[PDB]
$ cat target_9.json   # JSON, N, CA and C atoms
[["chain", "number", "residue", "atom", "x", "y", "z"],
["A", 28, "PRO", "N", 41.68, -166.65, -136.43],
["A", 28, "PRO", "CA", 40.62, -165.70, -136.01],
["A", 28, "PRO", "C", 40.07, -166.10, -134.64],
["A", 29, "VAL", "N", 40.65, -165.59, -133.58],
["A", 29, "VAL", "CA", 40.15, -165.94, -132.22],
["A", 29, "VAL", "C", 39.59, -164.69, -131.53],
["A", 30, "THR", "N", 38.40, -164.77, -131.01],
["A", 30, "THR", "CA", 37.80, -163.58, -130.34],
["A", 30, "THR", "C", 38.54, -163.27, -129.03],
["A", 31, "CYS", "N", 39.26, -164.22, -128.50],
["A", 31, "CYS", "CA", 40.00, -163.98, -127.23],
["A", 31, "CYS", "C", 39.04, -163.51, -126.14],
["A", 32, "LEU", "N", 37.77, -163.82, -126.27],
["A", 32, "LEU", "CA", 36.79, -163.39, -125.23],
["A", 32, "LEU", "C", 36.92, -164.27, -123.99],
["A", 33, "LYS", "N", 37.15, -165.54, -124.17],
["A", 33, "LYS", "CA", 37.29, -166.45, -123.00],
["A", 33, "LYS", "C", 38.58, -166.14, -122.24],
["A", 34, "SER", "N", 39.64, -165.89, -122.94],
["A", 34, "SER", "CA", 40.93, -165.58, -122.25],
["A", 34, "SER", "C", 40.86, -164.20, -121.58],
["A", 35, "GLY", "N", 39.95, -163.37, -122.01],
["A", 35, "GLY", "CA", 39.82, -162.02, -121.39],
["A", 35, "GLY", "C", 40.90, -161.09, -121.96],
["A", 36, "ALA", "N", 41.63, -161.54, -122.94],
["A", 36, "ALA", "CA", 42.70, -160.68, -123.53],
["A", 36, "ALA", "C", 42.07, -159.51, -124.29],
["A", 37, "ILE", "N", 42.72, -158.38, -124.31],
["A", 37, "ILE", "CA", 42.16, -157.21, -125.04],
["A", 37, "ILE", "C", 42.71, -157.16, -126.47],
["A", 38, "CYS", "N", 41.96, -156.61, -127.38],
["A", 38, "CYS", "CA", 42.44, -156.54, -128.79],
["A", 38, "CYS", "C", 43.19, -155.22, -129.03],
["A", 39, "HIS", "N", 44.24, -155.26, -129.81],
["A", 39, "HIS", "CA", 45.01, -154.01, -130.09],
["A", 39, "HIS", "C", 45.00, -153.72, -131.59],
["A", 40, "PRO", "N", 44.91, -152.45, -131.91],
["A", 40, "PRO", "CA", 44.88, -152.02, -133.32],
["A", 40, "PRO", "C", 46.26, -152.19, -133.97],
["A", 41, "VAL", "N", 46.29, -152.33, -135.27],
["A", 41, "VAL", "CA", 47.60, -152.49, -135.98],
["A", 41, "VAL", "C", 48.34, -153.74, -135.47],
["A", 42, "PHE", "N", 49.21, -153.59, -134.51],
["A", 42, "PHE", "CA", 49.95, -154.78, -133.99],
["A", 42, "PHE", "C", 50.07, -154.72, -132.47],
["A", 43, "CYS", "N", 50.35, -155.83, -131.84],
["A", 43, "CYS", "CA", 50.48, -155.85, -130.36],
["A", 43, "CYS", "C", 51.87, -155.34, -129.95],
["A", 44, "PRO", "N", 51.88, -154.38, -129.07],
["A", 44, "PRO", "CA", 53.16, -153.80, -128.60],
["A", 44, "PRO", "C", 53.88, -154.78, -127.68],
["A", 45, "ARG", "N", 54.82, -154.30, -126.91],
["A", 45, "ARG", "CA", 55.57, -155.20, -125.98],
["A", 45, "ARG", "C", 54.74, -155.43, -124.72],
["A", 46, "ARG", "N", 54.05, -154.42, -124.27],
["A", 46, "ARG", "CA", 53.22, -154.56, -123.04],
["A", 46, "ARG", "C", 52.19, -155.68, -123.24],
["A", 47, "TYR", "N", 51.80, -155.92, -124.46],
["A", 47, "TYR", "CA", 50.80, -156.99, -124.72],
["A", 47, "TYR", "C", 51.38, -158.04, -125.67],
["A", 48, "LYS", "N", 51.12, -159.30, -125.41],
["A", 48, "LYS", "CA", 51.66, -160.37, -126.30],
["A", 48, "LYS", "C", 50.60, -160.75, -127.34],
["A", 49, "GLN", "N", 50.95, -160.68, -128.59],
["A", 49, "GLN", "CA", 49.96, -161.02, -129.66],
["A", 49, "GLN", "C", 49.77, -162.54, -129.76],
["A", 50, "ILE", "N", 48.66, -163.03, -129.28],
["A", 50, "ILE", "CA", 48.41, -164.50, -129.36],
["A", 50, "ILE", "C", 48.05, -164.88, -130.80],
["A", 51, "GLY", "N", 47.46, -163.97, -131.53],
["A", 51, "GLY", "CA", 47.08, -164.27, -132.93],
["A", 51, "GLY", "C", 46.34, -163.06, -133.52],
["A", 52, "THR", "N", 45.04, -163.06, -133.47],
["A", 52, "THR", "CA", 44.26, -161.91, -134.02],
["A", 52, "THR", "C", 42.90, -161.82, -133.34],
["A", 53, "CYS", "N", 42.47, -160.63, -133.01],
["A", 53, "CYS", "CA", 41.14, -160.46, -132.35],
["A", 53, "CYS", "C", 40.05, -161.13, -133.18],
["A", 54, "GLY", "N", 40.01, -160.83, -134.44],
["A", 54, "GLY", "CA", 38.98, -161.44, -135.32],
["A", 54, "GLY", "C", 39.10, -160.85, -136.73],
["A", 55, "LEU", "N", 39.25, -159.56, -136.83],
["A", 55, "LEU", "CA", 39.38, -158.92, -138.16],
["A", 55, "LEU", "C", 40.80, -158.38, -138.35],
["A", 56, "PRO", "N", 41.13, -158.08, -139.57],
["A", 56, "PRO", "CA", 42.48, -157.55, -139.89],
["A", 56, "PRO", "C", 42.62, -156.11, -139.40],
["A", 57, "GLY", "N", 41.56, -155.56, -138.86],
["A", 57, "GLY", "CA", 41.63, -154.16, -138.36],
["A", 57, "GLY", "C", 42.35, -154.13, -137.02],
["A", 58, "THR", "N", 42.04, -155.05, -136.15],
["A", 58, "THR", "CA", 42.71, -155.07, -134.81],
["A", 58, "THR", "C", 43.34, -156.44, -134.56],
["A", 59, "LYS", "N", 44.18, -156.54, -133.57],
["A", 59, "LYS", "CA", 44.83, -157.84, -133.26],
["A", 59, "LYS", "C", 44.54, -158.24, -131.80],
["A", 60, "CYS", "N", 44.46, -159.51, -131.53],
["A", 60, "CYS", "CA", 44.17, -159.95, -130.13],
["A", 60, "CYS", "C", 45.40, -159.75, -129.25],
["A", 61, "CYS", "N", 45.24, -159.08, -128.14],
["A", 61, "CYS", "CA", 46.40, -158.86, -127.23],
["A", 61, "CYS", "C", 46.05, -159.30, -125.81],
["A", 62, "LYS", "N", 47.03, -159.66, -125.02],
["A", 62, "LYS", "CA", 46.74, -160.10, -123.63],
["A", 62, "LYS", "C", 47.69, -159.41, -122.65],
["A", 63, "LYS", "N", 47.18, -158.98, -121.52],
["A", 63, "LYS", "CA", 48.06, -158.30, -120.52],
["A", 63, "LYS", "C", 48.89, -159.33, -119.76],
["A", 64, "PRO", "N", 50.10, -158.95, -119.46],
["A", 64, "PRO", "CA", 51.02, -159.85, -118.71],
["A", 64, "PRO", "C", 50.59, -159.96, -117.25]]
$ encode --input "target_9.json" --output "structure tokens"
Amino acid sequence: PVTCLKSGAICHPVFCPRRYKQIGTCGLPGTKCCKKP
């Protein structure tokens, strides 16, 4: 459960697509933590 707030990564719903790499999870099972390349 990482907020990804320090990394500045954006959270994505369901799962992280290819444009964004899923580092783990935004915080809840509703969305996932994603980061722009």
$ residues_around --input "target_9.json" --residues "range 51-54 of chain A" --least-positions-apart "3" --cutoff "8 Å" --atoms "all atoms listed in the file" --output "short mmCIF file (atom, residue, chain, number, x, y, z; two decimals) with N, CA and C atoms, in the coordinates of the input"
data_model
loop_
_atom_site.label_atom_id
_atom_site.label_comp_id
_atom_site.auth_asym_id
_atom_site.auth_seq_id
_atom_site.Cartn_x
_atom_site.Cartn_y
_atom_site.Cartn_z
N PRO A 28 41.68 -166.65 -136.43
CA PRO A 28 40.62 -165.70 -136.01
C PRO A 28 40.07 -166.10 -134.64
N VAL A 29 40.65 -165.59 -133.58
CA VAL A 29 40.15 -165.94 -132.22
C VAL A 29 39.59 -164.69 -131.53
N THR A 30 38.40 -164.77 -131.01
CA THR A 30 37.80 -163.58 -130.34
C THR A 30 38.54 -163.27 -129.03
N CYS A 31 39.26 -164.22 -128.50
CA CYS A 31 40.00 -163.98 -127.23
C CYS A 31 39.04 -163.51 -126.14
N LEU A 32 37.77 -163.82 -126.27
CA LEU A 32 36.79 -163.39 -125.23
C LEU A 32 36.92 -164.27 -123.99
N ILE A 37 42.72 -158.38 -124.31
CA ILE A 37 42.16 -157.21 -125.04
C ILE A 37 42.71 -157.16 -126.47
N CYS A 38 41.96 -156.61 -127.38
CA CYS A 38 42.44 -156.54 -128.79
C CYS A 38 43.19 -155.22 -129.03
N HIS A 39 44.24 -155.26 -129.81
CA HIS A 39 45.01 -154.01 -130.09
C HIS A 39 45.00 -153.72 -131.59
N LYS A 48 51.12 -159.30 -125.41
CA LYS A 48 51.66 -160.37 -126.30
C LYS A 48 50.60 -160.75 -127.34
N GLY A 57 41.56 -155.56 -138.86
CA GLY A 57 41.63 -154.16 -138.36
C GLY A 57 42.35 -154.13 -137.02
N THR A 58 42.04 -155.05 -136.15
CA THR A 58 42.71 -155.07 -134.81
C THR A 58 43.34 -156.44 -134.56
N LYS A 59 44.18 -156.54 -133.57
CA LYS A 59 44.83 -157.84 -133.26
C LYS A 59 44.54 -158.24 -131.80
N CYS A 60 44.46 -159.51 -131.53
CA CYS A 60 44.17 -159.95 -130.13
C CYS A 60 45.40 -159.75 -129.25
N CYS A 61 45.24 -159.08 -128.14
CA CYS A 61 46.40 -158.86 -127.23
C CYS A 61 46.05 -159.30 -125.81
N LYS A 62 47.03 -159.66 -125.02
CA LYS A 62 46.74 -160.10 -123.63
C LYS A 62 47.69 -159.41 -122.65
#
$ axis_aligned_box --input "target_9.json" --around "range 34-43 of chain A" --padding-each-side "5 Å" --output "AutoDock Vina command-line options"
--center_x 45.8 --center_y -159.0 --center_z -128.7 --size_x 22.2 --size_y 23.9 --size_z 24.6
$ select_by_dssp --input "target_9.json" --residues "chain A" --states "strand (DSSP E or B)" --output "VMD selection string"
chain A and resid 38 to 40 48 to 49 58 to 62
$ atom_distance --input "target_9.json" --atom1 "atom C of residue 33 in chain A" --atom2 "atom N of residue 46 in chain A"
19.5 Å
$ atom_distance --input "target_9.json" --atom1 "atom N of residue 41 in chain A" --atom2 "atom C of residue 64 in chain A"
20.0 Å
$ build_atoms --input "target_9.json" --residues "range 45-56 of chain A" --atoms "N, CA, C and O atoms" --output "PDB file, keeping the file's coordinate frame"
ATOM      1  N   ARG A  45      54.820-154.300-126.910  1.00  0.00           N
ATOM      2  CA  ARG A  45      55.570-155.200-125.980  1.00  0.00           C
ATOM      3  C   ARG A  45      54.740-155.430-124.720  1.00  0.00           C
ATOM      4  O   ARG A  45      54.730-156.506-124.153  1.00  0.00           O
ATOM      5  N   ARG A  46      54.050-154.420-124.270  1.00  0.00           N
ATOM      6  CA  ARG A  46      53.220-154.560-123.040  1.00  0.00           C
ATOM      7  C   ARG A  46      52.190-155.680-123.240  1.00  0.00           C
ATOM      8  O   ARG A  46      51.755-156.309-122.299  1.00  0.00           O
ATOM      9  N   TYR A  47      51.800-155.920-124.460  1.00  0.00           N
ATOM     10  CA  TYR A  47      50.800-156.990-124.720  1.00  0.00           C
ATOM     11  C   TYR A  47      51.380-158.040-125.670  1.00  0.00           C
ATOM     12  O   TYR A  47      52.051-157.726-126.629  1.00  0.00           O
ATOM     13  N   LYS A  48      51.120-159.300-125.410  1.00  0.00           N
ATOM     14  CA  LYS A  48      51.660-160.370-126.300  1.00  0.00           C
ATOM     15  C   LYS A  48      50.600-160.750-127.340  1.00  0.00           C
ATOM     16  O   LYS A  48      49.491-161.106-127.002  1.00  0.00           O
ATOM     17  N   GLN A  49      50.950-160.680-128.590  1.00  0.00           N
ATOM     18  CA  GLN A  49      49.960-161.020-129.660  1.00  0.00           C
ATOM     19  C   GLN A  49      49.770-162.540-129.760  1.00  0.00           C
ATOM     20  O   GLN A  49      50.613-163.248-130.265  1.00  0.00           O
ATOM     21  N   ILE A  50      48.660-163.030-129.280  1.00  0.00           N
ATOM     22  CA  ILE A  50      48.410-164.500-129.360  1.00  0.00           C
ATOM     23  C   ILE A  50      48.050-164.880-130.800  1.00  0.00           C
ATOM     24  O   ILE A  50      48.294-165.986-131.243  1.00  0.00           O
ATOM     25  N   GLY A  51      47.460-163.970-131.530  1.00  0.00           N
ATOM     26  CA  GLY A  51      47.080-164.270-132.930  1.00  0.00           C
ATOM     27  C   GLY A  51      46.340-163.060-133.520  1.00  0.00           C
ATOM     28  O   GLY A  51      46.950-162.131-134.018  1.00  0.00           O
ATOM     29  N   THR A  52      45.040-163.060-133.470  1.00  0.00           N
ATOM     30  CA  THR A  52      44.260-161.910-134.020  1.00  0.00           C
ATOM     31  C   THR A  52      42.900-161.820-133.340  1.00  0.00           C
ATOM     32  O   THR A  52      42.232-162.808-133.118  1.00  0.00           O
ATOM     33  N   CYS A  53      42.470-160.630-133.010  1.00  0.00           N
ATOM     34  CA  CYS A  53      41.140-160.460-132.350  1.00  0.00           C
ATOM     35  C   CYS A  53      40.050-161.130-133.180  1.00  0.00           C
ATOM     36  O   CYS A  53      39.261-161.915-132.684  1.00  0.00           O
ATOM     37  N   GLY A  54      40.010-160.830-134.440  1.00  0.00           N
ATOM     38  CA  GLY A  54      38.980-161.440-135.320  1.00  0.00           C
ATOM     39  C   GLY A  54      39.100-160.850-136.730  1.00  0.00           C
ATOM     40  O   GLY A  54      39.070-161.560-137.714  1.00  0.00           O
ATOM     41  N   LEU A  55      39.250-159.560-136.830  1.00  0.00           N
ATOM     42  CA  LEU A  55      39.380-158.920-138.160  1.00  0.00           C
ATOM     43  C   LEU A  55      40.800-158.380-138.350  1.00  0.00           C
ATOM     44  O   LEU A  55      41.545-158.261-137.395  1.00  0.00           O
ATOM     45  N   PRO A  56      41.130-158.080-139.570  1.00  0.00           N
ATOM     46  CA  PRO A  56      42.480-157.550-139.890  1.00  0.00           C
ATOM     47  C   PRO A  56      42.620-156.110-139.400  1.00  0.00           C
ATOM     48  O   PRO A  56      43.661-155.502-139.504  1.00  0.00           O
TER      49      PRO A  56
END
